[PDB]
Amino acid sequence: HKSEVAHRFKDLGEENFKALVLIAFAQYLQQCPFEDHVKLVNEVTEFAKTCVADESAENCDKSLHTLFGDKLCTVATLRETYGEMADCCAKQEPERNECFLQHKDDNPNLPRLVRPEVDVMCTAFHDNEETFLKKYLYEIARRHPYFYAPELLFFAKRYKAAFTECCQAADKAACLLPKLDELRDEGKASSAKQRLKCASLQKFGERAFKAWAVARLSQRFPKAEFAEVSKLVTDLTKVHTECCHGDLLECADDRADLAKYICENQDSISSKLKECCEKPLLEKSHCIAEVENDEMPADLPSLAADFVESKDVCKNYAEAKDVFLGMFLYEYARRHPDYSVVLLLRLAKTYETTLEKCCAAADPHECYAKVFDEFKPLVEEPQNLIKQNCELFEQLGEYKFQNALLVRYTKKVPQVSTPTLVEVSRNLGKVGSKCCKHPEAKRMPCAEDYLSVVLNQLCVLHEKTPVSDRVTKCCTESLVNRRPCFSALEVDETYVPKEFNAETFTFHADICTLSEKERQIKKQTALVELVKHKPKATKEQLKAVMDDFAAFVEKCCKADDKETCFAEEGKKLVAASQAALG
Ligand SMILES: CCCCc1ccc(S(=O)(=O)Nc2ccc(NC(=O)CCC(=O)Nc3ccc(NS(=O)(=O)c4ccc(CCOC)cc4)c(C(=O)O)c3)cc2C(=O)O)cc1
Ligand SMILES: CCCCCCCCCCCCCC(=O)O
Ligand SMILES: CCCCCCCCCCCCCC(=O)O
Ligand SMILES: CCCCCCCCCCCCCC(=O)O
């Protein structure tokens, strides 16, 4: 194509082109104000329009990396604000773009993004919708410089749909706020998952990444042959490697090529890709990534014929260990879409460890004939935990389920700071909301997906404030041992009770006014502090203090003199609670 900027403008359309140009510049120039970014986007959009009219016009034959880099180097505040980043401008392409990628800031130290009042947001959305939605993209993109720009554009369209529906409703806050909370959580999980996949690829290598992708793709495309799944794994691994390097254009072209290959070979891959493959270039790969699991070939043989009974089990294994183990993963995964990827990797690691020992023996068959008996306890351990926790979640609800988790894990790791225990237990309860709603066959893959971000948040929050050797041990374990290590945590019986502080257990009239989330956090902070002060208190002793606390809040938020009630009845509650647990 003669003018790459014109080709992108025509394939994306004016609306998507402007949104992606704003995201790209916001991610590199994180300190510049919104209005300066609007000026850069208008100048780039107009230049792209002169190139769609006449592809031979001045600068239209330049690469998009050259045009983008040229515009970054016209920024007045470049050396003053970004320092070393202005030195990238003295270099030629491709070294200039490589230099700019290295100087992106993962923590730009910007103020917390404050959600305004609902009436204020709806009035701004009505008066200048165009600016309101571009300010969303600007504020999110500048805070997440490595979030894949077209993925951030999908979240932006869901953000618009929440205001379009809820600002016309009778109760605007009751409609909009649960939608903005769900979107905030899903956006943060998406940002964490994108970073996690790159960190795993770098810290554990290409071999481990490929085994995960074989298991995940075999569950999604069970009718595809092993050779087809293996090729898609190699292509997907290359796409992730170049996407993790950080260049938006190399990443986007890589994803489009893979989506085009999948859409040409649909009969060899899946019967669920017809609608995805008709969608435009921007949506196509995103649609394929979230495609429904295709039905597995009806009438499949037992895994014993190829992996236990056959005479060539150890001959096939020695010939190419990774290929044979990948075939076991493919065969096991396509039959079990209900399993987590890590459970499938544990079964393949168990099967690998077995063949390493048994293939050296004189009669290998006699040594590994009972290998499938070892898989039963590994499969049932996460299945029973999900059933037990989902039946507890159904009985208590998200908030009371979060409270049961707070008491349990404060007793296990009481050295972890109260904000980290509150934050992680609240998110663990949110895992129960998003995954216990799905049926049995969809719960373990969902739980694995959200626990991977929740447990990584716990590990990142813990290493900056390291307090528990056991949390450090579970965080530095292999990926298949992380969750089982945390499940193995014992109650810290040698913890010395924290000294009592009256200010901690003092409540005020503001708890009556606070939002549901801010009110819950206050009570959950006090609950963790109560458990740290009295770690040996039983569930019946803590339940009495929690019921007495609830009745106290019930009474003082109805009283005429609320400030006097919270002060007088609160002194009695704290003293009676200390005596009950003394
Ligand atoms: C089950 C667990 C799900 C939630 C979760 C997921 C992931 C984690 S984590 O692993 O600790 N990681 C993160 C933990 C925190 C963050 N947060 C940030 O970087 C702060 C910036 C940020 O994302 N802000 C944000 C982003 C989106 C939001 N939701 S929103 O509805 O889109 C929104 C955006 C903007 C406004 C208007 C502002 O007007 C001035 C109103 C609503 C909101 C919000 O509603 O307040 C806020 C990012 C990550 C990350 O993924 O890098 C923690 C919790
Ligand atoms: C989300 C941003 C990072 C992108 C990493 C590349 C992912 C490409 C997925 C293409 C779809 C293949 C099928 C599938 O993932 O199930
Ligand atoms: C394209 C196919 C290559 C990948 C095949 C997977 C082979 C290795 C599986 C070993 C068992 C899981 C443990 C691990 O390696 O992390
Ligand atoms: C030293 C003990 C002082 C008394 C502690 C009172 C605070 C307990 C808070 C418990 C909150 C449980 C949740 C709820 O009631 O909704």
# chains A, B, ... in the order shown; residues from 1 in each chain; ligands from 1
>>> residues_around(residues="residue A:28", least_positions_apart="3", cutoff="7 Å", atoms="only C-alpha atoms", output="list in words")
residues 24, 25, 104 and 145 of chain A
>>> closest_atom_pairs(of="chain A", to="ligand 4", cutoff="10 Å", atoms="only C-alpha atoms and all ligand atoms", output="JSON lines")
{"residue": "A:399", "atom": "CA", "partner": "ligand 4", "partner_atom_place_in_ligand_line": "16 (O)", "distance": 8.2}
{"residue": "A:400", "atom": "CA", "partner": "ligand 4", "partner_atom_place_in_ligand_line": "13 (C)", "distance": 7.6}
{"residue": "A:402", "atom": "CA", "partner": "ligand 4", "partner_atom_place_in_ligand_line": "13 (C)", "distance": 9.8}
{"residue": "A:403", "atom": "CA", "partner": "ligand 4", "partner_atom_place_in_ligand_line": "13 (C)", "distance": 6.9}
{"residue": "A:404", "atom": "CA", "partner": "ligand 4", "partner_atom_place_in_ligand_line": "13 (C)", "distance": 9.9}
{"residue": "A:499", "atom": "CA", "partner": "ligand 4", "partner_atom_place_in_ligand_line": "1 (C)", "distance": 9.4}
{"residue": "A:500", "atom": "CA", "partner": "ligand 4", "partner_atom_place_in_ligand_line": "1 (C)", "distance": 6.2}
{"residue": "A:501", "atom": "CA", "partner": "ligand 4", "partner_atom_place_in_ligand_line": "1 (C)", "distance": 7.7}
{"residue": "A:502", "atom": "CA", "partner": "ligand 4", "partner_atom_place_in_ligand_line": "1 (C)", "distance": 7.7}
{"residue": "A:503", "atom": "CA", "partner": "ligand 4", "partner_atom_place_in_ligand_line": "3 (C)", "distance": 10.0}
{"residue": "A:504", "atom": "CA", "partner": "ligand 4", "partner_atom_place_in_ligand_line": "3 (C)", "distance": 8.3}
{"residue": "A:505", "atom": "CA", "partner": "ligand 4", "partner_atom_place_in_ligand_line": "5 (C)", "distance": 5.3}
{"residue": "A:506", "atom": "CA", "partner": "ligand 4", "partner_atom_place_in_ligand_line": "6 (C)", "distance": 8.0}
{"residue": "A:507", "atom": "CA", "partner": "ligand 4", "partner_atom_place_in_ligand_line": "7 (C)", "distance": 8.5}
{"residue": "A:519", "atom": "CA", "partner": "ligand 4", "partner_atom_place_in_ligand_line": "16 (O)", "distance": 9.0}
{"residue": "A:520", "atom": "CA", "partner": "ligand 4", "partner_atom_place_in_ligand_line": "16 (O)", "distance": 7.0}
{"residue": "A:521", "atom": "CA", "partner": "ligand 4", "partner_atom_place_in_ligand_line": "13 (C)", "distance": 9.5}
{"residue": "A:522", "atom": "CA", "partner": "ligand 4", "partner_atom_place_in_ligand_line": "11 (C)", "distance": 8.4}
{"residue": "A:523", "atom": "CA", "partner": "ligand 4", "partner_atom_place_in_ligand_line": "11 (C)", "distance": 4.6}
{"residue": "A:524", "atom": "CA", "partner": "ligand 4", "partner_atom_place_in_ligand_line": "11 (C)", "distance": 6.0}
{"residue": "A:525", "atom": "CA", "partner": "ligand 4", "partner_atom_place_in_ligand_line": "9 (C)", "distance": 7.9}
{"residue": "A:526", "atom": "CA", "partner": "ligand 4", "partner_atom_place_in_ligand_line": "9 (C)", "distance": 4.9}
{"residue": "A:527", "atom": "CA", "partner": "ligand 4", "partner_atom_place_in_ligand_line": "10 (C)", "distance": 4.4}
{"residue": "A:528", "atom": "CA", "partner": "ligand 4", "partner_atom_place_in_ligand_line": "9 (C)", "distance": 8.2}
{"residue": "A:529", "atom": "CA", "partner": "ligand 4", "partner_atom_place_in_ligand_line": "5 (C)", "distance": 8.2}
{"residue": "A:530", "atom": "CA", "partner": "ligand 4", "partner_atom_place_in_ligand_line": "2 (C)", "distance": 5.5}
{"residue": "A:531", "atom": "CA", "partner": "ligand 4", "partner_atom_place_in_ligand_line": "2 (C)", "distance": 8.8}
{"residue": "A:532", "atom": "CA", "partner": "ligand 4", "partner_atom_place_in_ligand_line": "1 (C)", "distance": 9.7}
{"residue": "A:533", "atom": "CA", "partner": "ligand 4", "partner_atom_place_in_ligand_line": "1 (C)", "distance": 6.7}
{"residue": "A:534", "atom": "CA", "partner": "ligand 4", "partner_atom_place_in_ligand_line": "1 (C)", "distance": 7.6}
{"residue": "A:542", "atom": "CA", "partner": "ligand 4", "partner_atom_place_in_ligand_line": "10 (C)", "distance": 8.1}
{"residue": "A:543", "atom": "CA", "partner": "ligand 4", "partner_atom_place_in_ligand_line": "12 (C)", "distance": 8.1}
{"residue": "A:544", "atom": "CA", "partner": "ligand 4", "partner_atom_place_in_ligand_line": "10 (C)", "distance": 9.6}
{"residue": "A:545", "atom": "CA", "partner": "ligand 4", "partner_atom_place_in_ligand_line": "8 (C)", "distance": 6.2}
{"residue": "A:546", "atom": "CA", "partner": "ligand 4", "partner_atom_place_in_ligand_line": "12 (C)", "distance": 4.5}
{"residue": "A:547", "atom": "CA", "partner": "ligand 4", "partner_atom_place_in_ligand_line": "15 (O)", "distance": 6.1}
{"residue": "A:548", "atom": "CA", "partner": "ligand 4", "partner_atom_place_in_ligand_line": "15 (O)", "distance": 7.9}
{"residue": "A:549", "atom": "CA", "partner": "ligand 4", "partner_atom_place_in_ligand_line": "15 (O)", "distance": 5.5}
{"residue": "A:550", "atom": "CA", "partner": "ligand 4", "partner_atom_place_in_ligand_line": "15 (O)", "distance": 4.4}
{"residue": "A:551", "atom": "CA", "partner": "ligand 4", "partner_atom_place_in_ligand_line": "15 (O)", "distance": 8.2}
{"residue": "A:552", "atom": "CA", "partner": "ligand 4", "partner_atom_place_in_ligand_line": "15 (O)", "distance": 9.2}
{"residue": "A:553", "atom": "CA", "partner": "ligand 4", "partner_atom_place_in_ligand_line": "15 (O)", "distance": 8.2}
{"residue": "A:554", "atom": "CA", "partner": "ligand 4", "partner_atom_place_in_ligand_line": "15 (O)", "distance": 9.8}
{"residue": "A:570", "atom": "CA", "partner": "ligand 4", "partner_atom_place_in_ligand_line": "6 (C)", "distance": 8.4}
{"residue": "A:571", "atom": "CA", "partner": "ligand 4", "partner_atom_place_in_ligand_line": "4 (C)", "distance": 9.1}
{"residue": "A:572", "atom": "CA", "partner": "ligand 4", "partner_atom_place_in_ligand_line": "4 (C)", "distance": 9.4}
{"residue": "A:573", "atom": "CA", "partner": "ligand 4", "partner_atom_place_in_ligand_line": "4 (C)", "distance": 6.4}
{"residue": "A:574", "atom": "CA", "partner": "ligand 4", "partner_atom_place_in_ligand_line": "3 (C)", "distance": 4.2}
{"residue": "A:575", "atom": "CA", "partner": "ligand 4", "partner_atom_place_in_ligand_line": "3 (C)", "distance": 7.0}
{"residue": "A:576", "atom": "CA", "partner": "ligand 4", "partner_atom_place_in_ligand_line": "4 (C)", "distance": 8.0}
{"residue": "A:577", "atom": "CA", "partner": "ligand 4", "partner_atom_place_in_ligand_line": "4 (C)", "distance": 5.2}
{"residue": "A:578", "atom": "CA", "partner": "ligand 4", "partner_atom_place_in_ligand_line": "1 (C)", "distance": 4.8}
{"residue": "A:579", "atom": "CA", "partner": "ligand 4", "partner_atom_place_in_ligand_line": "1 (C)", "distance": 8.6}
{"residue": "A:580", "atom": "CA", "partner": "ligand 4", "partner_atom_place_in_ligand_line": "2 (C)", "distance": 9.1}
{"residue": "A:581", "atom": "CA", "partner": "ligand 4", "partner_atom_place_in_ligand_line": "2 (C)", "distance": 7.9}
{"residue": "A:582", "atom": "CA", "partner": "ligand 4", "partner_atom_place_in_ligand_line": "1 (C)", "distance": 9.1}
>>> closest_atom_pairs(of="chain A", to="ligand 3", cutoff="10 Å", atoms="only C-alpha atoms and all ligand atoms", output="tab-separated table")
residue	atom	partner	partner_atom_place_in_ligand_line	distance
A:204	CA	ligand 3	16 (O)	8.3
A:205	CA	ligand 3	16 (O)	9.3
A:206	CA	ligand 3	4 (C)	8.8
A:207	CA	ligand 3	15 (O)	6.0
A:208	CA	ligand 3	16 (O)	4.0
A:209	CA	ligand 3	16 (O)	7.3
A:210	CA	ligand 3	4 (C)	4.5
A:211	CA	ligand 3	6 (C)	3.8
A:212	CA	ligand 3	16 (O)	7.2
A:213	CA	ligand 3	4 (C)	7.7
A:214	CA	ligand 3	4 (C)	6.0
A:215	CA	ligand 3	6 (C)	8.3
A:226	CA	ligand 3	2 (C)	8.8
A:227	CA	ligand 3	1 (C)	8.4
A:228	CA	ligand 3	1 (C)	9.4
A:229	CA	ligand 3	1 (C)	7.4
A:230	CA	ligand 3	1 (C)	3.9
A:231	CA	ligand 3	1 (C)	6.2
A:232	CA	ligand 3	1 (C)	7.7
A:233	CA	ligand 3	1 (C)	5.1
A:234	CA	ligand 3	1 (C)	5.4
A:235	CA	ligand 3	1 (C)	9.0
A:236	CA	ligand 3	1 (C)	9.6
A:237	CA	ligand 3	1 (C)	8.8
A:320	CA	ligand 3	7 (C)	9.5
A:321	CA	ligand 3	7 (C)	7.3
A:322	CA	ligand 3	7 (C)	3.9
A:323	CA	ligand 3	5 (C)	5.5
A:324	CA	ligand 3	7 (C)	7.1
A:325	CA	ligand 3	7 (C)	4.7
A:326	CA	ligand 3	5 (C)	3.6
A:327	CA	ligand 3	5 (C)	7.2
A:328	CA	ligand 3	9 (C)	8.2
A:329	CA	ligand 3	9 (C)	6.8
A:330	CA	ligand 3	5 (C)	8.5
A:341	CA	ligand 3	12 (C)	9.9
A:342	CA	ligand 3	12 (C)	8.7
A:343	CA	ligand 3	12 (C)	9.9
A:344	CA	ligand 3	12 (C)	7.9
A:345	CA	ligand 3	12 (C)	4.5
A:346	CA	ligand 3	12 (C)	6.8
A:347	CA	ligand 3	11 (C)	7.8
A:348	CA	ligand 3	11 (C)	4.5
A:349	CA	ligand 3	11 (C)	4.7
A:350	CA	ligand 3	11 (C)	8.2
A:351	CA	ligand 3	11 (C)	8.1
A:352	CA	ligand 3	11 (C)	6.6
A:353	CA	ligand 3	11 (C)	9.4
A:478	CA	ligand 3	16 (O)	8.9
A:479	CA	ligand 3	16 (O)	8.4
A:480	CA	ligand 3	16 (O)	8.1
>>> write_last_selection(atoms="N, CA and C atoms", output="compact mmCIF listing (two decimals), in the first residue's frame")
# COMPACT_ATOMS: atom_id res chain seq x y z
N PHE A 204 9.20 -17.84 32.75
CA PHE A 204 9.12 -19.31 32.66
C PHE A 204 9.46 -19.89 31.27
N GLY A 205 9.71 -19.04 30.28
CA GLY A 205 10.11 -19.50 28.95
C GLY A 205 8.99 -19.81 27.98
N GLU A 206 9.38 -20.09 26.72
CA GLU A 206 8.46 -20.40 25.63
C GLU A 206 7.86 -21.82 25.73
N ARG A 207 8.60 -22.78 26.31
CA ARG A 207 8.09 -24.15 26.47
C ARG A 207 6.85 -24.20 27.38
N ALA A 208 6.91 -23.54 28.54
CA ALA A 208 5.80 -23.52 29.48
C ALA A 208 4.60 -22.78 28.89
N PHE A 209 4.85 -21.67 28.18
CA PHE A 209 3.78 -20.88 27.57
C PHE A 209 3.05 -21.72 26.51
N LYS A 210 3.80 -22.46 25.69
CA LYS A 210 3.21 -23.30 24.67
C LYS A 210 2.33 -24.42 25.28
N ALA A 211 2.73 -25.03 26.40
CA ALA A 211 1.93 -26.08 27.06
C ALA A 211 0.58 -25.51 27.54
N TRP A 212 0.59 -24.28 28.08
CA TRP A 212 -0.63 -23.61 28.52
C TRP A 212 -1.54 -23.37 27.30
N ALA A 213 -0.99 -22.83 26.21
CA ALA A 213 -1.75 -22.56 24.99
C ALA A 213 -2.29 -23.85 24.34
N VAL A 214 -1.56 -24.99 24.41
CA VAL A 214 -2.04 -26.26 23.84
C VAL A 214 -3.32 -26.67 24.61
N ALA A 215 -3.26 -26.62 25.95
CA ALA A 215 -4.38 -26.97 26.81
C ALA A 215 -5.58 -26.03 26.56
N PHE A 226 -4.48 -32.44 16.18
CA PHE A 226 -3.30 -32.02 16.96
C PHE A 226 -2.35 -31.14 16.12
N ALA A 227 -2.09 -31.52 14.86
CA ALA A 227 -1.24 -30.72 13.97
C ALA A 227 -1.78 -29.29 13.80
N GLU A 228 -3.12 -29.13 13.69
CA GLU A 228 -3.74 -27.82 13.56
C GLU A 228 -3.59 -27.03 14.87
N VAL A 229 -3.89 -27.65 16.02
CA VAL A 229 -3.77 -26.98 17.33
C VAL A 229 -2.30 -26.56 17.55
N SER A 230 -1.34 -27.46 17.28
CA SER A 230 0.10 -27.19 17.43
C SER A 230 0.56 -26.00 16.57
N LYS A 231 0.07 -25.90 15.32
CA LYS A 231 0.42 -24.77 14.46
C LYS A 231 -0.15 -23.46 15.04
N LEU A 232 -1.42 -23.48 15.48
CA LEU A 232 -2.06 -22.30 16.07
C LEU A 232 -1.36 -21.86 17.35
N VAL A 233 -0.78 -22.81 18.11
CA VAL A 233 -0.02 -22.52 19.34
C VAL A 233 1.27 -21.80 18.96
N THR A 234 1.96 -22.26 17.90
CA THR A 234 3.21 -21.63 17.46
C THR A 234 2.93 -20.20 16.99
N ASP A 235 1.86 -20.01 16.20
CA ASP A 235 1.49 -18.67 15.71
C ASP A 235 1.08 -17.76 16.89
N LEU A 236 0.24 -18.26 17.80
CA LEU A 236 -0.23 -17.50 18.97
C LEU A 236 0.95 -17.11 19.87
N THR A 237 1.91 -18.02 20.08
CA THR A 237 3.10 -17.75 20.89
C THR A 237 3.94 -16.61 20.25
N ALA A 320 10.48 -37.54 21.08
CA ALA A 320 10.26 -36.10 21.24
C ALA A 320 9.37 -35.89 22.46
N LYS A 321 9.98 -35.67 23.62
CA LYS A 321 9.26 -35.56 24.88
C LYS A 321 8.18 -34.46 24.84
N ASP A 322 8.52 -33.25 24.40
CA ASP A 322 7.56 -32.14 24.34
C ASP A 322 6.40 -32.40 23.37
N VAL A 323 6.66 -33.07 22.24
CA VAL A 323 5.60 -33.37 21.28
C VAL A 323 4.63 -34.39 21.90
N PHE A 324 5.16 -35.48 22.49
CA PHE A 324 4.32 -36.51 23.10
C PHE A 324 3.52 -35.96 24.29
N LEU A 325 4.16 -35.17 25.16
CA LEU A 325 3.47 -34.57 26.30
C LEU A 325 2.39 -33.57 25.83
N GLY A 326 2.63 -32.88 24.71
CA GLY A 326 1.66 -31.97 24.12
C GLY A 326 0.46 -32.70 23.54
N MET A 327 0.67 -33.94 23.06
CA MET A 327 -0.41 -34.78 22.54
C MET A 327 -1.28 -35.25 23.70
N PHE A 328 -0.66 -35.61 24.85
CA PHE A 328 -1.39 -36.00 26.05
C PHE A 328 -2.22 -34.81 26.53
N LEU A 329 -1.62 -33.60 26.55
CA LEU A 329 -2.35 -32.39 26.94
C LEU A 329 -3.51 -32.13 25.98
N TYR A 330 -3.28 -32.23 24.66
CA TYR A 330 -4.34 -32.01 23.66
C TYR A 330 -5.49 -33.00 23.87
N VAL A 341 -6.80 -24.76 33.22
CA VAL A 341 -5.60 -25.05 32.45
C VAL A 341 -4.52 -25.59 33.42
N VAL A 342 -4.36 -24.94 34.58
CA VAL A 342 -3.37 -25.41 35.57
C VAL A 342 -3.65 -26.87 36.03
N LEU A 343 -4.93 -27.29 36.16
CA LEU A 343 -5.24 -28.68 36.54
C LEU A 343 -4.74 -29.62 35.43
N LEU A 344 -4.98 -29.26 34.17
CA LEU A 344 -4.49 -30.05 33.04
C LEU A 344 -2.96 -30.10 33.00
N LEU A 345 -2.28 -29.01 33.37
CA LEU A 345 -0.81 -28.97 33.41
C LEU A 345 -0.27 -29.83 34.56
N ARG A 346 -1.01 -29.93 35.68
CA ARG A 346 -0.61 -30.79 36.81
C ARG A 346 -0.71 -32.26 36.41
N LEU A 347 -1.75 -32.63 35.65
CA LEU A 347 -1.92 -34.00 35.18
C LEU A 347 -0.80 -34.35 34.19
N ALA A 348 -0.44 -33.42 33.29
CA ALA A 348 0.64 -33.65 32.34
C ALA A 348 2.01 -33.71 33.06
N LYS A 349 2.22 -32.90 34.12
CA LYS A 349 3.46 -32.94 34.90
C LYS A 349 3.55 -34.26 35.70
N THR A 350 2.40 -34.76 36.20
CA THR A 350 2.32 -36.04 36.92
C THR A 350 2.64 -37.17 35.92
N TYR A 351 2.02 -37.13 34.73
CA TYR A 351 2.26 -38.12 33.68
C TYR A 351 3.72 -38.09 33.19
N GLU A 352 4.33 -36.89 33.09
CA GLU A 352 5.73 -36.71 32.69
C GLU A 352 6.66 -37.33 33.75
N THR A 353 6.49 -36.94 35.04
CA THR A 353 7.29 -37.45 36.17
C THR A 353 7.22 -38.98 36.22
N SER A 478 6.03 -22.51 41.56
CA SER A 478 5.69 -22.59 40.13
C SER A 478 4.19 -22.22 39.92
N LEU A 479 3.78 -21.89 38.68
CA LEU A 479 2.38 -21.49 38.44
C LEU A 479 1.33 -22.57 38.78
N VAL A 480 1.66 -23.87 38.59
CA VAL A 480 0.73 -24.95 38.95
C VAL A 480 0.68 -25.21 40.47
>>> residues_around(residues="residue A:370", least_positions_apart="4", cutoff="9 Å", atoms="only C-alpha atoms", output="list in words")
residues 308, 366 and 374 of chain A
>>> atom_distance(atom1="atom CA of residue A:484", atom2="atom CA of residue A:339")
15.1 Å
>>> residues_near_ligand(ligand="ligand 2", cutoff="9 Å", atoms="only C-alpha atoms and all ligand atoms", output="NGL selection string")
:A and (147-151 or 190-191 or 193-195 or 197 or 213 or 216-217 or 220-221 or 232-233 or 236-244 or 251-252 or 254-256 or 258-259 or 262 or 284-291)
>>> residues_near_ligand(ligand="ligand 1", cutoff="7 Å", atoms="only C-alpha atoms and all ligand atoms", output="ChimeraX atom specification")
/A:112-116,136,140,143-144,159,180-181,183-192,427-428,430-431,450,453-454,456-457
>>> write_last_selection(atoms="N, CA, C and O atoms", output="compact mmCIF listing (two decimals), in the first residue's frame")
# COMPACT_ATOMS: atom_id res chain seq x y z
N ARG A 112 -5.27 9.71 41.86
CA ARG A 112 -6.34 8.70 41.76
C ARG A 112 -7.51 9.24 40.91
O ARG A 112 -7.94 10.37 41.10
N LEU A 113 -7.96 8.45 39.93
CA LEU A 113 -9.04 8.86 39.06
C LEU A 113 -10.33 8.83 39.89
O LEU A 113 -10.72 7.77 40.39
N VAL A 114 -10.92 10.00 40.12
CA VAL A 114 -12.11 10.12 40.96
C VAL A 114 -13.37 10.03 40.11
O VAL A 114 -13.52 10.76 39.14
N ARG A 115 -14.29 9.15 40.50
CA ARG A 115 -15.56 9.00 39.80
C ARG A 115 -16.47 10.19 40.26
O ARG A 115 -16.74 10.28 41.46
N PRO A 116 -16.91 11.13 39.38
CA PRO A 116 -17.77 12.23 39.87
C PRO A 116 -19.16 11.77 40.31
O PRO A 116 -19.49 10.59 40.20
N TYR A 136 -12.56 9.81 29.01
CA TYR A 136 -12.47 8.44 29.53
C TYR A 136 -11.22 7.76 28.92
O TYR A 136 -10.40 7.23 29.65
N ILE A 140 -7.77 6.78 31.13
CA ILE A 140 -7.45 5.36 31.31
C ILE A 140 -6.12 5.03 30.57
O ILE A 140 -5.25 4.39 31.16
N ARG A 143 -2.92 6.14 32.24
CA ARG A 143 -2.65 5.37 33.47
C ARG A 143 -2.26 3.91 33.18
O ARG A 143 -1.67 3.29 34.06
N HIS A 144 -2.57 3.37 31.98
CA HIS A 144 -2.23 2.01 31.59
C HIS A 144 -1.48 2.08 30.23
O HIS A 144 -2.08 1.79 29.20
N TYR A 159 -18.58 1.50 28.30
CA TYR A 159 -18.69 2.68 29.17
C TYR A 159 -19.80 3.58 28.62
O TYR A 159 -20.69 3.96 29.36
N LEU A 180 -20.75 0.57 36.27
CA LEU A 180 -19.41 1.17 36.29
C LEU A 180 -18.47 0.37 37.20
O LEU A 180 -17.27 0.35 36.94
N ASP A 181 -18.99 -0.26 38.27
CA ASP A 181 -18.19 -1.10 39.16
C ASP A 181 -17.75 -2.36 38.41
O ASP A 181 -16.59 -2.76 38.52
N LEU A 183 -17.51 -2.80 35.16
CA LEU A 183 -16.60 -2.40 34.08
C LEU A 183 -15.21 -2.02 34.62
O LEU A 183 -14.20 -2.36 34.00
N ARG A 184 -15.16 -1.34 35.78
CA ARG A 184 -13.91 -1.00 36.46
C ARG A 184 -13.15 -2.30 36.81
O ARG A 184 -11.94 -2.36 36.64
N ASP A 185 -13.86 -3.30 37.32
CA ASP A 185 -13.24 -4.56 37.72
C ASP A 185 -12.73 -5.34 36.52
O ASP A 185 -11.61 -5.86 36.55
N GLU A 186 -13.55 -5.44 35.46
CA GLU A 186 -13.21 -6.19 34.26
C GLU A 186 -12.04 -5.52 33.51
O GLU A 186 -11.19 -6.22 32.97
N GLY A 187 -11.99 -4.18 33.51
CA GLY A 187 -10.89 -3.43 32.92
C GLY A 187 -9.59 -3.65 33.67
O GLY A 187 -8.56 -3.90 33.05
N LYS A 188 -9.64 -3.61 35.01
CA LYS A 188 -8.45 -3.87 35.84
C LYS A 188 -7.97 -5.34 35.70
O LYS A 188 -6.77 -5.59 35.73
N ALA A 189 -8.91 -6.29 35.62
CA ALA A 189 -8.54 -7.70 35.45
C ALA A 189 -7.91 -7.89 34.07
O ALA A 189 -6.90 -8.58 33.97
N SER A 190 -8.46 -7.23 33.03
CA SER A 190 -7.91 -7.32 31.67
C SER A 190 -6.49 -6.74 31.62
O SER A 190 -5.61 -7.33 31.00
N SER A 191 -6.26 -5.61 32.28
CA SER A 191 -4.94 -4.99 32.35
C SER A 191 -3.94 -5.92 33.08
O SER A 191 -2.80 -6.09 32.62
N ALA A 192 -4.36 -6.51 34.22
CA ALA A 192 -3.51 -7.43 34.98
C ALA A 192 -3.20 -8.70 34.16
O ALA A 192 -2.05 -9.13 34.15
N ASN A 427 -12.07 -9.05 46.88
CA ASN A 427 -11.93 -9.54 45.50
C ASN A 427 -12.16 -11.04 45.42
O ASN A 427 -12.75 -11.51 44.46
N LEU A 428 -11.72 -11.82 46.44
CA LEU A 428 -11.95 -13.27 46.45
C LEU A 428 -13.46 -13.55 46.50
O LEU A 428 -13.93 -14.47 45.83
N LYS A 430 -15.71 -11.47 45.27
CA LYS A 430 -16.14 -11.07 43.93
C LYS A 430 -15.93 -12.23 42.92
O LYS A 430 -16.70 -12.34 41.97
N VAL A 431 -14.92 -13.10 43.15
CA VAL A 431 -14.67 -14.29 42.30
C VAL A 431 -15.91 -15.20 42.39
O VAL A 431 -16.38 -15.68 41.36
N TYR A 450 -9.96 -15.50 37.24
CA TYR A 450 -9.99 -14.39 38.20
C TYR A 450 -9.06 -14.60 39.42
O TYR A 450 -8.52 -13.61 39.92
N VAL A 453 -5.48 -13.23 38.73
CA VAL A 453 -5.26 -11.79 38.95
C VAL A 453 -5.35 -11.44 40.47
O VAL A 453 -4.55 -10.64 40.95
N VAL A 454 -6.28 -12.06 41.21
CA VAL A 454 -6.45 -11.78 42.64
C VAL A 454 -5.21 -12.24 43.47
O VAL A 454 -4.72 -11.49 44.32
N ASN A 456 -2.15 -12.74 42.17
CA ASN A 456 -1.00 -11.93 41.77
C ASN A 456 -1.07 -10.57 42.49
O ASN A 456 -0.04 -10.06 42.91
N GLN A 457 -2.27 -10.00 42.68
CA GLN A 457 -2.42 -8.74 43.44
C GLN A 457 -1.94 -8.95 44.88
O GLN A 457 -1.23 -8.11 45.41
